[PDB]
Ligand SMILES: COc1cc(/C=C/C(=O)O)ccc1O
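Next comes just one chain, in structure tokens: the form deposited without the ligand.
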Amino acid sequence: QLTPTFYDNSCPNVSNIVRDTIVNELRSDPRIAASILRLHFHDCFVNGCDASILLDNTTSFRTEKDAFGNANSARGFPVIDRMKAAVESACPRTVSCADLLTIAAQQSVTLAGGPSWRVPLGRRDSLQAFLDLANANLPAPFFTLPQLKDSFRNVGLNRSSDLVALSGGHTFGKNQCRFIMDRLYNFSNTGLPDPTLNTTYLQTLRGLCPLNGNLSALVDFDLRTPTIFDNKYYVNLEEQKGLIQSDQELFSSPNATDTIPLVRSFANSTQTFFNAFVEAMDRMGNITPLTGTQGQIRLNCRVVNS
């Protein structure tokens, strides 16, 4: 029962406030649009899009920010605080942090050249955070294709089109050397590189991520257009130039009979990818929301109201 018109009477300019915050932030941090999209993904995969990920530690629950998928990885929380403060100034006690993050994710994709659409709204904010659930639910870059599929199925995204389209989020943003070292030097305990990685690209990545190098050094997910939201992600996969294992699995796994045609169709038509990305984003945004009088309108996104 989420609806795109939820704030049309109570805070009609919310989307513009969000967009203006991201644009101002992009002036100093060109990565923030990618980081915000990822925060929304990590919100939704853990008890639904309920802003659980934004809560700080308390003595009764641990923050999801300490999860393996978030710690020293997720970023942009201060930007969310800034846009929440601005929306609170304009429409007090009205817009949930969960909806704010959803809007910010959509605006981030559009600002980077991606599709533009009106997200469903009406989510409410959780009363707790779910660290253990984050550690169980968030997929990992060394997952095989059946494990990736199971990770999406576990949160309610059954369709291979969900997985292939949402993986297109890696058409922009950055990845730490840590998560590709195995592919470059010791894949599956062979002491050898991943044979599905293009051998010329292998040499490039070894130059960026040497053995004994800084594991926190960042590499672009999309070697073609690292900052533009477009379908080049899938073109890379067809050339064996997916960056992390879970990217290339979509095209090269023995289990990819159903994902290969999707990768090819998205590589062949930007419109096909953009349509599928919006559809999959709206489904992800629909994972187990609190609505109505459930949850609250959190006033400070880091803490429950008191």
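A residue's number is simply how far along the shown sequence it sits, counting from 1.
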Please compare 126-134 with 85-93 and name the stretch with the higher mean C-alpha B-factor in the deposited structure.
85-93
Can you let me know which of the two, 8-16 or 282-290, has the higher average C-alpha B-factor in the entry?
8-16
Among the candidates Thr259, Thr58, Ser52, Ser246, give the one with the maximum CA B-factor reported in the record.
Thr58
Checking the record values for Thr190, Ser216, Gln147, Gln106, which has the greatest CA B factor?
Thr190
Using the B-factors in the PDB entry, rank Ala33's C-alpha atom against the chain and give the third, lowest, middle or highest.
middle
What third of the chain, by the recorded C-alpha B-factor, contains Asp66?
middle
Considering every modelled residue of the chain and its Cα B-factor in the PDB entry, is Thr171 in the lowest, middle or highest third?
lowest
Chain thirds by Cα B factor, record data; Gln240 belongs to the middle
In terms of the CA temperature factor given in the entry, to which third of its chain does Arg264 belong: lowest, middle or highest?
middle
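Note that the form deposited with the ligand bound isn't included here; everything after this is about it.
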Should the pocket be classed as open or blocked once the ligand, positioned as in the deposited bound form, is overlaid via C-alpha superposition of the site (3 or more ligand atoms within 2.4 Å of backbone or C-beta atoms defines blocked)?
open
Exactly one of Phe187, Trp117, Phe130, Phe179 has a non-hydrogen atom within 4.5 Å of the ligand in the deposited bound form; which residue is it?
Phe179
In the deposited bound form, the residue from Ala140, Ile228, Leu208, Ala136 that sits within 4.5 Å of the ligand by heavy atoms:
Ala140
Out of 94-102, 67-75, 190-198, 120-128, where are the residues with a heavy atom within 4.5 Å of the ligand in the deposited bound form?
67-75
Is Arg38 close to the ligand in the deposited bound form, meaning a heavy atom pair under 4.5 Å apart or at it?
yes
